[PDB]
Structures are given as C-alpha cells and as structure tokens.
Amino acid sequence: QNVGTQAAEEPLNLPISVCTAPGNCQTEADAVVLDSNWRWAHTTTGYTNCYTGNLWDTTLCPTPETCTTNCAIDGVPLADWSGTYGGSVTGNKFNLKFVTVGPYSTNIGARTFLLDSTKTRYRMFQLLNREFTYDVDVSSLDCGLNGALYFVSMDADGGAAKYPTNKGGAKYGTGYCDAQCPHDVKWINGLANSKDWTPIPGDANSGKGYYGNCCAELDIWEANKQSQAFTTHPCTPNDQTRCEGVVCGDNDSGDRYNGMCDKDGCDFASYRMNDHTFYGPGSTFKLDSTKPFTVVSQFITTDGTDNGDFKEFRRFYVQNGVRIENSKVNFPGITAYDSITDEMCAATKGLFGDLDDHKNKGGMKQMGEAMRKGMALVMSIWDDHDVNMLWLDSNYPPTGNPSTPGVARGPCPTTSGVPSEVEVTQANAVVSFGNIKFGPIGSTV
C-alpha cells in the first residue's frame, strides 16, 4: 500500500524491560502500532474510500494492481487511538477495548504489533533459550471473546524490502501473516488483496480475498476468564508466504491438513487436558481469572544454549506473589505432562484422535527455527465469526460428547460466542497486557 497524507501516524509508547537477572532489568522504549487492516483506505490524491464496510470500491479497484496504484492507507493519530480504536497505555500497561463506539462509526476488535525503539521496525524477539513474561487482566472477557498475545514470523519491516509497492512497512502495521493462512488480510505482498473479494456474512467490517498469508506462529496466550491455552504452530517454510489453492489449507475446501501450516497447532489448554479446577473466575480456582496475574513462558533448547533445537515450552504463573506451576495432563495411561514437547504432542493427539500435523511440519525443532530467526509480538482482542470461540472455551465439535477426551475445552455453553450477541453483551470488555519482561531463563520474576 501507498501511504496517505490525511493523518500523521503516531504509535502509542510502551516501555518493556529487558532483564539480566532476577530484579535487574533495563527499560526498552518501544511502541504499539495498529495493523493495516484497521486503517482507512482512500484515494491517493483525495478523500474517497477505496474500501467501505466490507467491500472494495469496484471502480477504483478493478484489479489489485490498479487498486494499489489508486489507493493509500492512512495514519492513526494519538486522539484516534482511544476515540476510534479503544487503545490506551498507562505506564507499562496496554489496554484494548473490544468495542469502541466512535464519533461516526463503531470499531470491533483490534490487532496491534510491538515496534522497536526507532518506531521504524517491529521489535523482533529471538526467543530460544529465553523467558518471556507479562501481566494480564482478562476478568472482563467472557465466553466468545479472546484477548490474545502471540508471536508470528512477520518480516521486521513489514515486507517493505521485498515488496516495492509497500510504502508503509512496519510503521503502518503492514505484513501480517499467521498459521491460519488468513484470506481476510487486506494487503499482502504490498498489494491490495481485492481479487475475488467476498464479504463475510454477518460481519459488516470484513471479507476474504483470493490470497492468504501464511507464517509460523507461537501462541503464548489465547484466553478469556473461562479458558486459556498456549500453542505452537510450525509451518514449512516458517517465513511469510502468500498462498493460494491447497497451500493455504483452507477450511472451506477440506484442506485444513493439506496446506503449508499446522492449523490446529500443538496446544496445552489446562481444561482440555482435563483439569477443570485450575483456571477460572473465582478465588477457589488455583489461578483466579477475576484478578490480574503474571504469565511466564520459558523456551528450553536441547543443549541449554541459543544454538540448540527448541525442545520444550514451559509455563508457570504468579498471582499476588504466589508462584503457581502449570496444570498437568490428566487421563488414564497418559503421562502427566505440564509443558509442550514433541512427545506430549504425539500422546495427547493420539488420545484425542487428532491428526499430528505439528509433527508433519517438523515439530518443536521447526517451530524453534522460527524463533531463532526472530518473531514479532502481536496483541489483539477479537470474537470469532467462523466457530464462535467454541474451540477455546466450550465443546468442539459442539455435538461431541464432552466425556470424550479432547472435546471439552471449557464450561461455556455451545450456544455461546455468536458475534452479534457478544458484540452487545460484552461491548465494554477490555484486555490489559503490561509490565512485559524478556531475558534469560530465571531472570524475569
């Protein structure tokens, strides 16, 4: 995309801490940028929309190459972050509102990325043999909503170096890809994704174009107050790849397990792994989701070095000063795993009857190659038009028997999560991600 002249791009400052040992950290002066999907797209030398609601203007955008010539994406000034998009920062805490009813329109959901101290590139994290940690508040997110923090194998400059027609790069939140190979990305490989664009029924704001955009993804946190998961999604290859046909692994053509990305990923979700009491909204759960807590993630390698292969994603929590170890897998004949490993993935997927696409895509080792190259940090809040978040917090499939291992993922009703309902009932939901810390293992708490 070209860049417009109607509004200055002003990302929100967000300090994080880079640590060398327990309680010994230095501030890093980073900032948050809005994904280019949420930006106003209009004529390059005027005011006229190129995209409105969930459609491209067919006169300005008869083809992607003409679309891209005629149109531009514009900036988000400070005032609009809060007024239009519902983003704000207080000290080292970032807050994202699910629904923001602005002056002249309504915004639903948000995806944002962390920029480095220059505000010119994404802050890339090389996660192998490191620990990443943050404080979270999800007490106001219920069934159907997801406040997610995760990493993806985006390019640090948004693709600007590879794609000449991308003039915005990271400064305009360009280049989003993930292991779902999404077709709802509006700009891919520096071009409008306007070919064969189709609105999403029941989503006034989105559609799906001809291409998708795939890359590896490491989900640190997929959650609401009812259920939470962490998940590895390798791809072959791991880097940003525009896809079409079977390579995207589209759910709608029966191709979920035929594409380049592991779509299901290898998940550790406490409730699905059969500990219903570990996490939930109340003081008698082990971890109380009505209150804020710290989430620690350790990326362990085969040799304890930056050069080894990734072998294990470990997790623990701290809440009101109390260290809380992860829950464990709880099924007869299955070892009580408390972390993600290749072995854990094969045992659990074998029990659940799930295809081990994680292993087919090269497993922990392949996931770690992505982490070694460096991944971008994403913070988002969203509802789910395809499956109503039932995969995260209910029975999936909803017709499945919940005593069958793998089906039950949380206590929410199978009728929950309908976007038109949650956008009313949960209009005030807000996720907070704060006090981010990154360092060697053992250094962040």
Side-chain angles (χ1 to χ4, degrees), residues 2 4 34-43 48-74 84-85 98-100 102 104-112 146 152 159 165-166 168 172-215 240-245 247-253 255-256 259 261 263 378 380-389 417-420 422-423:
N2 295 309
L34 185 75
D35 177 283
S36 61
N37 264 38
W38 277 251
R39 289 173 192 284
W40 179 33
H42 64 73
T43 47
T48 291
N49 285 198
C50 296
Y51 183 91
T52 299
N54 54 19
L55 298 176
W56 299 84
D57 183 293
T58 52
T59 281
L60 298 169
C61 297
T63 73
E65 193 199 339
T66 303
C67 200
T68 301
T69 310
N70 295 339
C71 299
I73 62 176
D74 231 300
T84 301
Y85 296 111
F98 176 44
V99 175
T100 302
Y104 292 96
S105 81
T106 295
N107 180 83
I108 301 184
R111 184 158 67 219
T112 67
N146 182 346
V152 287
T165 50
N166 181 356
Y172 285 76
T174 64
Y176 186 65
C177 54
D178 75 22
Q180 302 305 307
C181 297
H183 284 79
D184 65 9
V185 180
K186 290 185 210 173
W187 304 93
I188 306 179
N189 284 21
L191 297 166
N193 189 27
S194 54
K195 179 185 156 148
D196 296 347
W197 183 266
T198 283
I200 298 296
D203 194 328
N205 297 125
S206 339
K208 280 178 174 318
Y210 190 78
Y211 297 100
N213 213 21
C214 304
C215 67
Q240 175 271 310
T241 305
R242 181 178 77 176
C243 64
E244 61 177 273
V247 167
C248 290
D250 294 341
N251 285 318
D252 299 342
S253 64
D255 285 321
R256 190 174 177 85
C261 284
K263 286 197 175 203
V378 194
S380 71
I381 190 166
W382 57 294
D383 63 5
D384 172 12
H385 295 259
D386 294 309
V387 20
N388 296 351
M389 222 67 75
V418 188
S420 64
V422 302
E423 293 160 10

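Side chains included, hydrogens not; waters and symmetry mates left out as well; all remaining heavy atoms used. Each residue takes its place number in the sequence, starting with 1.
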Undergrad: Using 0.5 Å steps for rounding, measure from the CD1 atom of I381 to the CZ atom of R111.
TA: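 The CZ atom of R111 is 14.0 Å from CD1 of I381, to the nearest 0.5 Å.
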
Undergrad: Donor-acceptor pair, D35 side chain versus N37 backbone, under 3.5 Å?
TA: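 Checked: pair present.
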
Undergrad: SG-SG distance between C71 and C61 under 2.5 Å?
TA: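 No; the two sulfurs sit 2.5 Å or more apart.
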
Undergrad: Identify the heavy atoms of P199 and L55 that sit nearest to each other, and give their distance.
TA: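 Reported closest heavy-atom pair: CG-CD2, 3.6 Å.
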
Undergrad: Provide the closest heavy-atom pair for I200 versus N54 in the form atom of the first, atom of the second, distance.
TA: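 Heavy atoms only, the tightest pair is O-ND2, 4.3 Å.
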
Undergrad: Would you confirm whether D255, through its side chain, and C248, through its main-chain N or O, come within 3.5 Å as a donor-acceptor pair?
TA: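 No, the answer is negative, given that no donor and acceptor are paired below the 3.5 Å cut-off.
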
Undergrad: Can you list the steps and then say if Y176 with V185 is a side-chain contact (heavy atoms from CB on, under 4.5 Å)?
TA: CA-CA 7 Å; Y176 186 65; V185 180; 4.2 Å; yes

Undergrad: Can you name the closest pair of heavy atoms from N189 and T165 and give their distance?
TA: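 Here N189 and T165 meet closest at O-OG1, 4.2 Å.
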
Undergrad: Let me see the working for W40 and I73 under side-chain contact (heavy atoms from CB on, under 4.5 Å), right down to the final yes or no.
TA: CA-CA 6 Å; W40 179 33; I73 62 176; over 6 Å; no

Undergrad: Please report the shortest heavy-atom distance between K263 and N251, naming the atom on each side.
TA: CD-OD1, 4.3 Å

Undergrad: Quick one: pull up OH in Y211 and CG in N193 and give me the separation to the nearest 0.5 Å.
TA: 8.0 Å

Undergrad: Keeping the roles fixed (side chain from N2, backbone from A72), state whether a donor-acceptor pair exists under 3.5 Å.
TA: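 Answer holds: no.
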
Undergrad: Using 0.5 Å steps for rounding, measure from the CG atom of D250 to the SG atom of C243.
TA: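 Going from the CG atom of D250 to the SG atom of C243 covers 6.5 Å.
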
Undergrad: So that I know where these two stand, are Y51 and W197 an aromatic pair - ring centroids less than 6.0 Å apart?
TA: yes

Undergrad: Which atoms form the tightest heavy-atom contact between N166 and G159, and what is the distance?
TA: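 Residues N166 and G159, closest heavy atoms: ND2-C, 4.0 Å.
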
Undergrad: Atom CZ of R242 and atom OH of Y210: how far apart are they, to the nearest 0.5 Å?
TA: 9.5 Å

Undergrad: Tell me whether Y85 contacts the main-chain N or O of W38 through its side chain, where contact means a donor paired with an acceptor under 3.5 Å.
TA: yes

Undergrad: Between atom CG of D184 and atom NZ of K208, what is the distance when rounded to the nearest 0.5 Å?
TA: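 Atom-to-atom, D184:CG and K208:NZ are 5.0 Å apart.
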
Undergrad: Tell me if a side-chain donor or acceptor on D178 pairs with a main-chain N or O of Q180 at a distance below 3.5 Å.
TA: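 Indeed, once roles are kept as given, a pair shorter than 3.5 Å links the two residues.
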
Undergrad: Hey, is the main chain of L60 close enough, under 3.5 Å, to the side chain of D57 for a donor-acceptor pair?
TA: yes

Undergrad: Hey, is the main chain of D74 close enough, under 3.5 Å, to the side chain of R39 for a donor-acceptor pair?
TA: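 Checking the backbone N and O of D74 against the side chain of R39, a donor-acceptor pair under 3.5 Å is found.
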
Undergrad: Please round to the nearest 0.5 Å and tell me the distance separating atom CG of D203 and atom OG of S420.
TA: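 Nearest 0.5 Å value for the CG-OG distance: 11.0 Å.
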
Undergrad: Any donor-acceptor pair under 3.5 Å linking the side chain of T68 with the backbone of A192?
TA: yes

Undergrad: Which heavy-atom pair separates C215 from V152 by the least distance, and what is that distance?
TA: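 Closest approach of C215 to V152, heavy atoms only: SG-CB, 4.0 Å.
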
Undergrad: With a 2.5 Å cut-off on the SG atoms, do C177 and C214 make it?
TA: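 Their SG atoms do not fall under 2.5 Å; no disulfide, then.
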
